[PDB]
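Report on one structure; see the data block that follows.
Computed over heavy atoms, backbone and side chain alike; hydrogens, waters and symmetry mates excluded. Just so it is clear: chains get the letters A, B, ... in the order the sequence lines come, proteins before strands, and each one is counted from 1.
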Amino acid sequence: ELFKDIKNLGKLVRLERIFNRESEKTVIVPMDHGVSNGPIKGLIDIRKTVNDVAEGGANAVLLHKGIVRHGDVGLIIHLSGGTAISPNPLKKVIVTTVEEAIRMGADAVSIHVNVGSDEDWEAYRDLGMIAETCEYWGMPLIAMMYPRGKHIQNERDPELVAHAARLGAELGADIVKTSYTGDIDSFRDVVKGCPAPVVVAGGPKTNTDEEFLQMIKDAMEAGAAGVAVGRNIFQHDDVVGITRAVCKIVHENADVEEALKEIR
Amino acid sequence: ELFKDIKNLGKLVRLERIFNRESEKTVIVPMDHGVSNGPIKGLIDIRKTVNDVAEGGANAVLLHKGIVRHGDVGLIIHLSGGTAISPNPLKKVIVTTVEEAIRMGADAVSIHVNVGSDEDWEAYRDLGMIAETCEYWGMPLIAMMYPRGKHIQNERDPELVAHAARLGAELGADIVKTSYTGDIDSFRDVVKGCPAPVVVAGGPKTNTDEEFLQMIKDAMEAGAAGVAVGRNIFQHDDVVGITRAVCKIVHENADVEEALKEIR
Amino acid sequence: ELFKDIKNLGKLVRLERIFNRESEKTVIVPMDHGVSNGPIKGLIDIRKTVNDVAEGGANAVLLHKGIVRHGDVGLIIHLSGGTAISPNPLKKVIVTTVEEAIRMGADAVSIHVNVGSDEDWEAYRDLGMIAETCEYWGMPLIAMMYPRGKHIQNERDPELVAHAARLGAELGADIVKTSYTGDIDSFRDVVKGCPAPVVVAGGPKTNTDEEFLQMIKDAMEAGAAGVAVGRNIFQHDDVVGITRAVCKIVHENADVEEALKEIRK
Amino acid sequence: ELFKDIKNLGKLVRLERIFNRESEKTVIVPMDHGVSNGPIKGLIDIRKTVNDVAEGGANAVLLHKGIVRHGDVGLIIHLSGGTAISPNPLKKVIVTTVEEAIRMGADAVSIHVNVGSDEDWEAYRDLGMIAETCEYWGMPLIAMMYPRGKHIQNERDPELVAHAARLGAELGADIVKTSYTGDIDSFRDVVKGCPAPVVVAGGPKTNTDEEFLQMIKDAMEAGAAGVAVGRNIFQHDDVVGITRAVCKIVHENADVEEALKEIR
Amino acid sequence: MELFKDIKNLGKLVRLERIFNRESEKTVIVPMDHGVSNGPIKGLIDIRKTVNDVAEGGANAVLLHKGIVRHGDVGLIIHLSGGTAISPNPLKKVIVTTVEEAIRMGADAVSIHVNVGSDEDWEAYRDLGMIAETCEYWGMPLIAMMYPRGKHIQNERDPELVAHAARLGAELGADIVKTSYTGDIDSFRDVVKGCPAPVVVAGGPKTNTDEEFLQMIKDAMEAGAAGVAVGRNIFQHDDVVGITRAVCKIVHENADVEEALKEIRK
Amino acid sequence: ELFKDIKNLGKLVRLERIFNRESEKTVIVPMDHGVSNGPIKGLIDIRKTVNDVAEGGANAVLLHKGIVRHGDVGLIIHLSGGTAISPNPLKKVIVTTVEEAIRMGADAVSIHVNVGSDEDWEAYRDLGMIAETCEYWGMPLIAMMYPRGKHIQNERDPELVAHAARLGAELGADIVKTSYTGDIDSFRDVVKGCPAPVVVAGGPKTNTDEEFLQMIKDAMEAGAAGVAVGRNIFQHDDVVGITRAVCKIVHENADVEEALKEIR
Amino acid sequence: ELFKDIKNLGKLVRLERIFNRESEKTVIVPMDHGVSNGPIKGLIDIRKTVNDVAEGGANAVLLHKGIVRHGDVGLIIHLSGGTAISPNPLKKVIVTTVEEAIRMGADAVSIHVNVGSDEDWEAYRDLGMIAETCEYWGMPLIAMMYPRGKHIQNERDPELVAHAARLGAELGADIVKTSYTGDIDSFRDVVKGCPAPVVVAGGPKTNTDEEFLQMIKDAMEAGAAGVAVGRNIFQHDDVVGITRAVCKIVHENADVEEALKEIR
């Protein structure tokens with residue numbers, strides 16, 4: 001098992017609702033962008049998007065409580081908030097509690113920490129604290145760790161990303177979301193340096209499908225436990241198909257050539 | 001039903017006291033300006049105002065607890081505070097609790113978030129947190145979301161307003177108050193991008209009864225679930241009449257000509 | 001009845017111990033200056049001042065818990081603190097709780113908000129929050145609202161004062177203490193714009209008893225529900241007499257001539 | 001007004017949703033019998049009963065939280081429970097909290113105290129305690145006070161009923177439900193001896209409609225503030241009509257003859 | 001005020017001064033909590049009136065249940081105990097009101113009733129002791145009505161039982177004790193001397209003659225009572241205002257029975 | 001929809017893990033007998049039974065926290081405890097909290113109330129109280145209501161059972177477990193008198209599988225929302241087969257003659 | 001490993017301090033008799049008994065907090081209290097909290113439940129509740145379950161003991177202390193019917209050593225996870241030797257024959 005070390009009945013039960021039993025990998029489609037960037041392309045009719053991603057084979061959707069309250073897969077409730085309109089766009093505060101996510105039937109919660117941002121230590125505490133709440137409630141915690149701030153030019157730097165992922169594991173996250181470092185070798189270092197399974201983010205919408213799918217394929221190669229892509233899936237012309245494509249690569253290890261056949 | 005998705009008995013019961021059953025739209029007359037600008041025109045004799053507006057047919061009045069403690073419509077208690085006299089006029093802090101509003105018999109509470117203001121992330125947290133308190137108490141929450149800050153020249157910008165409204169919905173507000181973007185098309189984007197029903201603000205007192213009523217008419221066209229105008233109603237020569245005019249337009253779908261006739 | 005809208009048994013009961021039943025007005029002598037300015041003239045022998053002003057006919061004294069703990073008339077416990085020695089003299093923080101004031105037998109509590117001061121929004125929250133505590137405990141709350149800060153030249157500006165008073169009422173205060181605006185008309189605007197009864201502060205000690213008493217007389221004219229003067233009373237040569245003078249103007253609607261007569265030559 | 005003495009904004013607001021503004025009287029149809037006697041006649045299809053009652057002009061229905069949770073008038077949530085199957089059928093325990101009733105949007109709560117029953121002092125405490133909770137939350141409290149126990153032969157005895165009603169008012173109830181004492185004079189003593197407005201119970205289904213309507217008419221004469229009948233209304237052949245009869249008597253002081261015309 | 005010179009509690013001192021006469025340092029309390037125990041009895045049907053009359057006669061304070069206060073200038077004492085004659089155990093008393101509730105109502109004091117000798121009376125011992133601490137914290141003066149009542153008590157006025165009962169109240173924390181007069185000045189002086197807290201006498205059921213009653217109060221004062229707390233003998237009298245005035249004469253001014261009677265009209 | 005009236009996101013999500021989506025019925029195999037009767041036949045190797053039963057197609061198993069703490073279907077945690085060895089075998093106390101069940105990943109909790117037993121009113125309170133805890137946490141609550149006590153000769157009496165089930169619904173249970181009344185007509189009354197879906201108990205092991213399967217068939221006919229049988233399944237020679245048989249009747253609505261076939 | 005199933009880091013760590021790593025069995029010497037029977041033989045100089053037993057190689061001593069507060073082996077703090085002088089000698093109440101035991105450095109806590117005693121259901125609740133506290137704190141819980149009460153003649157009855165042990169496991173105990181049933185076969189039923197490891201009590205001092213050591217030998221044969229004897233050890237002439245003897249039989253599968261060689 002992937003979580004043979006997790007000595008928490010609650011977490012094991014819930015984690016099984018977001019990870020594919022056979023492949024022991026996960027395809028998470030985060031759709032919390034509304035808070036950060038407003039109603040962007042693909043997240044305007046969230047009810048449809050969630051539904052397609054689900055039909056496409058995604059293991060879980062990641063949303064803010066407000067969206068769940070309105071509109072068959074795993075549910076991950078995001079706990080962090082911050083916007084691009086804010087005088088400090090990198091600031092993240094806790095906007096939702098673990099308890100709220102639990103009473104909503106969520107299978108997991110997620111937090112976002114911009115390591116390197118102003119007063120990022122406040123988020124260090126939030127993560128560590130929420131980690132304990134999650135441990136008590138048997139709620140699996142996904143920590144999106146990113147190296148972002150005034151002194152960080154390359155938010156994809158292998159050292160910074162590996163550090164950021166390690167931070168997440170050290171403080172208690174069960175799973176870590178982070179950026180792909182650009183190449184299989186450096187990303188394998190991120191994976192090896194992080195005691196918790198790592199999942200890659202999709203990044204902004206790529207120009208060519210082959211581009212995006214190859215990145216996911218490489219990340220899996222490096223040892224990723226799955227993926228957590230938003231924009232590259234819901235901003236695609238064929239949401240269901242592109243999701244299906246990603247599932248091929250992640251759960252079946254099918255190559256980009258066979259994957260692409262899924263894109264209608 | 002507008003809130004067919006709201007799975008909260010308490011909220012449904014209370015929401016019915018601020019929305020017209022037939023039309024499923026609302027006319028809210030916010031009168032919390034006292035805190036922001038002092039005793040302005042129309043809000044000096046609040047007791048009279050509330051009654052005239054009630055007569056005109058407003059569905060609910062929005063006040064600060066202190067005013068309710070003193071002077072047949074629905075009641076919405078405002079939870080946010082900040083003044084123009086403050087060294088940071090855009091700052092808003094929580095001045096009243098949901099529990100206080102509940103023990104006062106209020107049918108809903110409202111919060112104001114100036115997205116883009118200094119330390120606006122603190123209000124993001126307040127909103128998210130209060131949203132959970134409201135969910136627990138079955139208290140409908142109206143979130144007044146506005147793009148306002150040092151780097152925002154046009155607080156009516158379609159992108160900023162749509163983002164602001166989205167933010168409110170994502171964080172848990174049941175209803176969103178925001179500025180009209182100036183034209184039916186851009187505002188329809190605000191409405192479509194926000195999962196929660198949107199209500200328009202009146203803005204400062206306009207020069208003519210048509211200017212104002214046309215704006216409300218357009219907003220309804222764009223898909224607004226109603227209106228929440230203060231100044232344009234209580235600062236009018238015929239409060240009861242102008243309110244009646246707004247109701248015509250909002251609940252019965254009358255056009256400006258047919259509505260203006262209600263003014264004296 | 002002045003509080004015929006107050007639907008709170010506890011507050012009504014307590015308010016009656018600080019307001020004159022007949023005049024429906026109040027003469028409050030605040031003596032919390034110790035915290036702000038140290039042991040100033042008149043507040044050195046606080047035990048004497050209180051008794052002196054009490055004999056003169058004051059309805060209530062306003063003190064910090066520490067002074068009450070040491071050495072008839074009503075008691076108002078102040079909840080705010082800040083000093084002139086502080087790098088931010090306009091800052092006010094909550095130094096006493098409503099519960100503490102209640103277990104001390106106080107009839108009311110007071111808070112001070114310098115609207116316009118740095119991070120004054122934090123005091124907005126304190127007021128709003130404390131207002132709820134007061135509502136729960138049936139403790140009447142007096143909010144001293146003043147326009148003070150880096151961008152305020154005239155802290156007596158009619159618009160700013162009226163706004164400040166309104167703020168107090170909106171956030172939950174039962175009574176509002178504020179500065180007189182200088183003239184009957186502008187102050188009447190403050191009174192009319194504030195849903196809660198307003199009480200005037202005395203300001204620094206005046207040169208004449210005729211000026212001070214005239215100011216109070218004018219304020220009453222403008223519609224004040226009473227007065228809350230400190231310095232002009234306890235820093236006077238004849239504390240008892242000056243207090244008696246003020247009571248005539250507030251409770252018996254007498255004139256300045258007939259009132260001045262109460263002072264010991 | 002009837003609640004000119006009630007110095008509680010929350011209670012006044014809520015009480016207005018269960019009392020007729022003009023008559024200052026109320027017609028409450030309690031339907032909490034399910035807990036006490038199981039699914040009896042008239043309470044099997046509660047959704048329909050509530051519909052007809054409301055339809056018939058009733059001011060409010062009184063239910064247990066479980067029934068509300070399933071299927072336009074005022075709502076009173078009952079807080080007491082006990083059954084006829086219990087080894088002590090007269091025992092009543094608190095089964096629902098005031099807070100729960102508040103988050104459900106209820107306009108009031110009710111408690112049942114069998115004065116004279118075993119360990120009835122425990123209910124005295126419950127009433128007194130709940131009374132305080134209600135006072136804090138601005139929730140009007142209806143106390144059903146009845147003289148019932150091993151040493152009480154006549155549960156309609158004027159002295160016992162007057163005492164029971166007094167008890168309710170002394171301990172904090174805003175309204176008191178009790179049995180009619182059989183005659184206008186003795187019941188007027190109950191009303192005069194109880195500082196809180198008194199409402200009469202209907203008792204078991206009567207044989208003739210006049211037997212029942214006359215009783216209500218007499219109770220109003222004695223000074224009752226309204227009625228709270230269950231069985232005599234929902235167990236009637238024409239629920240809407242009989243309700244409608246009761247209202248005409250209570251709200252318009254029509255006589256039994258004009259009242260009976262409402263029955264089909 | 002010499003009566004409570006030992007009370008080291010600012011709150012209690014302030015409040016106690018609103019129920020005790022500054023000069024006589026005695027108190028005339030008119031308890032009207034009978035509604036709960038016996039229903040709307042004679043004199044307590046129009047409580048608003050009784051309360052106003054009693055105040056008109058000069059009583060220092062009225063003692064009521066929260067419900068009655070809630071329904072439309074004397075001191076106010078909120079009763080916290082409840083039990084009824086209709087109950088299968090009429091001597092049982094449970095806490096029906098909290099000290100906090102009394103405080104937020106503006107009450108100047110709270111009262112508890114303990115029937116020492118009744119079934120599970122130890123539960124009331126705990127209530128008293130516990131409430132005493134709540135009162136101490138809130139600066140709320142506590143009046144403990146202590147009575148020897150139960151299955152094995154034939155004479156609820158027995159000097160030994162009453163003195164014990166009063167002592168219990170003081171030991172557990174009551175600031176003032178209400179109890180029955182023992183029938184004679186000497187035995188009652190023992191009750192007063194054995195109880196560290198000032199003792200106030202109950203009126204008992206309505207007497208046949210104004211003399212029986214006023215003489216009893218006069219004797220109690222003689223024995224050292226700090227005042228009186230009579231209900232029935234005052235509000236069930238033909239001239240409530242006058243009989244109250246009579247009682248005040250005795251207690252507050254040490255007038256004698258003959259002079260006190262001059263206050264009762266008719 | 002069976003739970004269309006349930007306005008609780010958490011409960012809906014969890015309820016879907018114990019009810020078959022197509023038939024909207026459920027097959028629950030309660031195995032909490034250990035506490036009541038010790039290690040009886042079939043519950044000695046609980047780990048086996050749970051899979052044996054799971055294999056046959058059951059929707060959920062019902063266990064005490066202790067058993068879960070040790071040994072793929074839905075999980076219901078029992079909260080009530082009492083034993084046959086107790087001087088009062090009908091007494092039930094709360095031995096587990098809803099919170100504990102939640103942190104264990106349970107999909108629901110159950111309580112047992114012996115209506116008619118000594119101090120059964122204490123369980124009335126427990127049920128009512130726990131119902132509120134369940135409502136807050138979004139945890140579906142199953143209430144096993146049974147008429148049992150010194151004065152109840154026939155614990156299967158139609159009136160008593162219907163009353164007991166009603167009690168459960170009134171106090172807040174989402175689902176009710178109760179005994180079959182012996183015939184389709186009387187049990188239909190139980191179902192109709194209870195606002196919450198009713199599930200039948202299996203009772204002690206029957207002589208022939210026809211009698212048992214016929215009983216279940218009849219119960220479904222009467223309108224049962226499914227079944228909750230323990231002994232008749234785990235004490236059977238072919239646990240997997242008998243479970244499969246039961247599923248055919250409840251999920252496929254098969255007949256005895258055909259259902260009896262699955263029995264290997 | 002014995003606690004292969006225990007998914008609780010805290011418990012695993014602590015349990016290792018009371019169980020022999022190589023044998024996965026335990027020798028616990030309970031000395032809480034002081035509370036029950038006063039200062040009996042062997043427990044007068046507790047400081048000496050604890051050390052004597054320690055030298056004998058016992059894995060842990062079980063004491064009441066008061067004794068620890070005065071005086072290298074594992075420590076188990078007892079939480080139950082009751083005495084033979086009590087009008088109800090079988091009554092047990094919680095006299096110590098899990099938290100207190102934790103801040104004292106204890107490795108485990110124990111509770112005593114007399115199944116069948118008056119109001120024993122109150123102890124059922126205590127066990128179930130304490131079990132949850134233990135689970136949260138990672139404190140292993142030992143439940144001493146015994147069938148004792150007015151209707152129990154043979155407190156060693158195989159059925160009653162097996163039931164009692166099962167009860168402990170069902171309610172959450174990690175380990176169960178109980179009486180030996182008299183013969184290897186019936187006791188094996190107790191062990192098999194209880195999901196938690198079972199440890200045997202020593203009972204009153206036996207006349208001969210061969211009597212006692214044989215009993216322990218048989219219990220181990222039946223599948224016991226160790227022993228928890230008090231009187232038979234500390235009331236022996238050679239405490240150290242008899243303890244050594246027990247360790248041989250229990251920890252090394254030694255024979256009664258071989259063991260007795262340890263008694264000097």
Pair E:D108 + C:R17: basic N to acidic O under 4.0 Å = yes
Can you check whether C:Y136's main-chain N or O pairs, donor with acceptor, with E:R104's side chain at less than 3.5 Å?
-> yes
In terms of heavy-atom contacts, E:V14 and C:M104 come closest through CG2-O, 4.0 Å
Output the option from C:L9, C:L75, C:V68 having the highest count of non-hydrogen pairs under 4.5 Å with chain E.
-> C:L9
Portion of E:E101 that has a non-hydrogen atom of chain C nearer than 4.5 angstrom | neither
After noting the C-alpha distance and the side-chain angles of C:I102 and E:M140, does the key distance pass the side chain to side chain contact (heavy atoms under 4.5 Å, CB included) rule?
-> CA-CA 10 Å; C:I102 289 182; E:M140 192 69 128; over 6 Å; no
E:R126, CZ atom: more than 12 neighbouring heavy atoms under 6.0 Å | no
